[PDB]
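Report on the structure given below.
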Amino acid sequence: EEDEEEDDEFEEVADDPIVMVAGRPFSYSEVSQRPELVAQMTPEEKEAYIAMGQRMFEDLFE
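Residue numbers for the sequence shown follow full-length UniProt numbering, beginning at 378 and rising by one.
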């Protein structure tokens, strides 16, 4: 949780980030594996999902 020990924020308890595809809520991991979904994603949805994914790969140590 947020109140663990170290100072942090944005308490999240969801494993997979629920992303919306065509106005419906599905798993992000699912959409990242289903092109038919991202292709159905509206500009708002795709840009959101795509923004989410980008932030997940904007920190690499390899």
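Just so you know, even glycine gets a beta-carbon here, dropped at the ideal spot from N, CA and C.
For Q431 and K423, what's the separation of their Cα atoms in angstroms?
12 Å
For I395, which beta-bridge partners are listed by DSSP?
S404
Hey, quick one: how far does the alpha helix (DSSP H) through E424 stretch, first residue to last?
420-433
What did DSSP end up calling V390 once you bin it into helix, strand or coil?
If DSSP states are grouped into helix, strand and coil, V390 belongs with coil.
Taking the alpha-carbon positions, what's the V408 to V396 distance?
8 Å
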